[PDB]
Amino acid sequence: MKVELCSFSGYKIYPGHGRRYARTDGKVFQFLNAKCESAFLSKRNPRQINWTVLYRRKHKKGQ
Amino acid sequence: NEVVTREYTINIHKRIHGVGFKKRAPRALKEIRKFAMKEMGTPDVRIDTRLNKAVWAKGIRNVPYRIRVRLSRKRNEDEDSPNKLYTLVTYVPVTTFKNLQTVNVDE
Amino acid sequence: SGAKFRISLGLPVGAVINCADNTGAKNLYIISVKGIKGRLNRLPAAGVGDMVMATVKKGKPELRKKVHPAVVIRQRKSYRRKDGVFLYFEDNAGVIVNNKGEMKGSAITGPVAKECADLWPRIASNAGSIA
Amino acid sequence: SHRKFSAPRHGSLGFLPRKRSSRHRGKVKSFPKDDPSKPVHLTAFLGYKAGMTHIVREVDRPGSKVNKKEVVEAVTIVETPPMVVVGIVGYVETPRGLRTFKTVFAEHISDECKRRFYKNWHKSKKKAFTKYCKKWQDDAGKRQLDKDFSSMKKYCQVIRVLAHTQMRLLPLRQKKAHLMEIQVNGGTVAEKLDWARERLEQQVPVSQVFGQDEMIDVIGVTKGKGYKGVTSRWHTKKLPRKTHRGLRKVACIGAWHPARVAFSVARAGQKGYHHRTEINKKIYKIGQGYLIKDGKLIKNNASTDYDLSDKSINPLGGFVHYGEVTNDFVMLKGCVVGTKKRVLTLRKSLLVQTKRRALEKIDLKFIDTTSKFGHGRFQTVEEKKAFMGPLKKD
RNA sequence: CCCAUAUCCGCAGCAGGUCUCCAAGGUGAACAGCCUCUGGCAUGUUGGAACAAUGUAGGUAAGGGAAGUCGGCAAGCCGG
RNA sequence: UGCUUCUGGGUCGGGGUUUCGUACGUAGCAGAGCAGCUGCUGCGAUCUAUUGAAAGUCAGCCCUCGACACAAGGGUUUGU
Ligand SMILES: [Mg+2]
Ligand SMILES: [Mg+2]
Ligand SMILES: [Mg+2]
Ligand SMILES: [Mg+2]
Ligand SMILES: [Mg+2]
Ligand SMILES: [Mg+2]
Ligand SMILES: [Mg+2]
Ligand SMILES: [Mg+2]
Ligand SMILES: [Mg+2]
Ligand SMILES: [Mg+2]
Ligand SMILES: [Mg+2]
Ligand SMILES: [Mg+2]
């Protein structure tokens with residue numbers, strides 16, 4: 001089975017982990033855990049959350 | 001070597017885990033006194049009032065997690081007392097608890 | 001041939017779900033569920049792919065004050081799939097049908113669960129997307 | 001008068017009394033019926049519940065919705081280090097049932113087994129089998145053992161082996177081994193004894209008892225839960241919030257007549273820690289334990305044909321509340337009774353397995369080894385380091 | 001001298017009753033509630049160890065939202 | 001269930017795992033502005049770096065064999 005990526009944090013979700021979310025507009029999202037899901041549903045921008053892949057990429061933390 | 005002194009770190013966090021708020025600090029003292037008897041084998045355990053003040057320094061429920069103490073086994077000058085020896089538990093202020101071992105103190 | 005699997009039921013009797021077709025109905029009020037034998041004190045419940053008996057509470061005057069057969073297509077209660085995926089939707093939706101399972105409308109708004117799309121070919125062909 | 005609306009009763013009266021089990025190690029109440037035409041083999045084993053995880057496999061079920069498709073299935077990991085045979089016990093069929101006829105013990109018994117014979121090992125002098133063991137060393141004693149073995153051939157109909165676990169290889173606090181009789185099914189009685197005699201003091205790995213894709217029964221003692229009320233013990237309806245004197249009760253514990261409380265009425269008391277037998281738990285994998293080959297520790301017993309990463313069955317941080325599994329293990333589908341560290345009896349099926357689910361062949365595509373101590377998200381520490389990158393610890 | 005969760009009346013050092021005077025800082029509309037100084041007290045006629053059931057008093061709960069019940073009783077939502 | 005096989009469990013330490021989410025201090029020509037002095041110096045919520053940082057983590061998580069002490073004990077009974 002292929003491995004998805006959390007639509008909020010960018011971590012990869014192995015089979016049997018997290019949840020899948022389907023919005024009424026047709027977009028579908030995956031979440032690693034309820035922490036990532038909670039941030040996404042409260043409309044938090046992942047680029048301001050220090051522990052997300054989008055944040056570290058934006059601030060060149062790994063690089 | 002009846003008269004000995006050692007320095008210990010007492011992990012109060014795991015000793016008082018699950019205890020009710022109004023009993024948390026009192027049970028830290030009871031666990032410190034239980035700890036001293038185990039390490040020195042002296043039913044006569046005396047806890048310094050400064051160590052009492054350190055265990056209560058944050059209130060009845062938010063007790064400090066770790067605490068560095070010093071145990072000194074001394075001779076009981078009270079010939080009437082049934083216990084020849086007794087342990088004195090004093091307080092050691094420390095900035096950090098990392099890498100602190102059980103240390104023999106030589107007077 | 002291949003039969004559907006048990007999924008969590010999110011819509012007991014009394015649940016008011018959206019109407020995701022173009023009949024005119026705005027929401028569907030679930031009064032019963034097909035196939036429920038049940039037991040004492042237990043409400044009949046429905047999940048994606050289940051046919052139910054519903055009334056229209058908000059909608060065209062002609063669709064109200066009568067019982068229609070509806071089919072659930074989305075649910076807000078997450079259900080496990082055999083690949084281990086827990087899926088849920090932003091809202092609970094359904095479409096009016098007849099006893100044969102054919103849609104009373106011609107278009108659906110929003111996605112449709114794969115559980116329901118497989119079970120109802122006539123609903124599936126009208127689905128814009130399948131989740 | 002009749003009750004207004006029908007409803008099934010709560011609970012099964014076939015599991016009464018709902019009491020704490022008298023035995024901690026699950027007893028085999030019925031061994032498989034012996035078939036004299038099959039080769040000599042053992043019928044049960046002891047393992048310890050390490051923990052649970054889930055796996056990815058492709059289902060092979062013609063006509064099913066999951067045919068040719070991958071599914072995620074929970075599995076229980078049972079550590080099964082090889083047992084040691086230490087004795088034989090023979091039985092005679094009598095009009096009052098099987099009667100223990102004769103018991104013979106091996107010359108050498110490890111101190112793990114001997115710990116089973118004492119309530120205080122610390123205070124004992126370890127005198128068990130100190131005078132019996134001399135029967136194996138002198139001519140008079142030896143001539144008495146083969147007569148005892150000959151008598152068991154003439155008269156006994158059922159043969160069992162006293163095998164015990166090896167607690168020194170487990171990560172547990174306990175050092176006292178678990179000792180159990182295992183029936184020897186297979187050929188004639190004489191062939192059972194020659195087979196059993198040759199294996200005294202020898203080790204029997206789990207693979208020699210159970211095979212891949214085999215349906216077995218797990219026997220154990222469920223997790224104890226202490227005193228429980230009828231609502232939790234029997235799952236009766238909670239009474240309305242207005243109830244005076246409590247609502248977690250059964251409102252009517254009987255009719256006026258018979259003027260007694262009946263045994264079929266839900267009452268409070270002990271819940272959990274009940275002896276239970278569960279059947280048809282498929283073996284998904286008999287994993288090999290760690291081996292040191294050519295100075296290298298080989299531990300990739302969680303690798304699959306479709307996943308070559310060198311990882312063991314252990315998850316990051318280890319099996320929570322259990323430890324590390326370094327011996328052989330049996331991967332069972334679904335859940336079994338007991339806590340972590342609980343000793344589980346593995347027994348061969350009493351039934352004929354002719355069903356597509358029972359005959360299905362298991363092929364694992366993936367074994368989840370993420371941490372269970374939280375919401376683990378890395379299968380290996382190598383994978384975690386490659387993702388996170390260097391840290392301030394480094 | 002007490003003037004009242006112990007000096008008075010309720011059989012008692014009884015969660016009841018029993019007429020008044022003075023009245024700090026902060027927040028705040030405020031003699032509201034919450035914290036503090038002056039002054040006062042030692043938890044209300046006992047302590048220790050546990051943390052089963054059933055309670056009494058507080059909380060939280062996915063999806064649904066009165067389908068419960070005689071009745072939305074109870075709780076909840078609203079709140080400046 | 002454990003209570004000397006140079007072995008045992010314990011305590012502390014360390015490591016792993018995991019939770020939250022980036023510590024104090026220090027630096028900044030980052031900061032809406034304001035004040036004083038002739039570009040500089042002050043006040044300033046917040047921002048960036050140090051810093052996936054800090055903190056906690058078995059009390060019923062996993063592994064240590066680093067430090068420290070303790071461990072060869074005590075009481076009551078039981079005989080064909
Ligand atoms: Mg009812
Ligand atoms: Mg009837
Ligand atoms: Mg009442
Ligand atoms: Mg877990
Ligand atoms: Mg009180
Ligand atoms: Mg008191
Ligand atoms: Mg009083
Ligand atoms: Mg709710
Ligand atoms: Mg909700
Ligand atoms: Mg009604
Ligand atoms: Mg009714
Ligand atoms: Mg009301």
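Within every chain, numbering begins at 1; the chains are lettered A, B, ... in the order of the sequence lines, protein sequences first and strands thereafter. The figures here come from the full heavy-atom set of this structure, side chains too, leaving out hydrogens, waters and symmetry mates.
Nearest heavy-atom pair, A/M1 versus D/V71, reported as atom, atom and distance to 0.1 Å: CE-N, 4.5 Å.
Open room surrounds NZ on D/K69; 12 or fewer heavy atoms of other groups in view lie less than 6.0 Å from it. For D/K68, the NZ atom is loosely surrounded, since the number of other residues' heavy atoms within 6.0 Å does not exceed 12. The 12-atom threshold is exceeded at CG of D/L391, counting heavy atoms of other residues, nucleotides or ligands nearer than 6.0 Å.
Note that CD of D/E70 and NZ of A/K2 are 12.5 Å apart. Values are rounded to the nearest 0.5 Å. Expressed to the nearest 0.5 Å, how far OG of A/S9 lies from CZ of D/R377 amounts to 7.0 Å. The OH atom of A/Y14 lies 3.0 Å from the CD atom of D/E383; values are rounded to the nearest 0.5 Å.
D/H54 contributes a side-chain N or O that, together with a main-chain N or O of A/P15, makes up a donor-acceptor pair within less than 3.5 Å.
Proximity to chain A (any heavy atom under 4.5 Å) is shown, for D/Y306, by neither the backbone nor the side chain.
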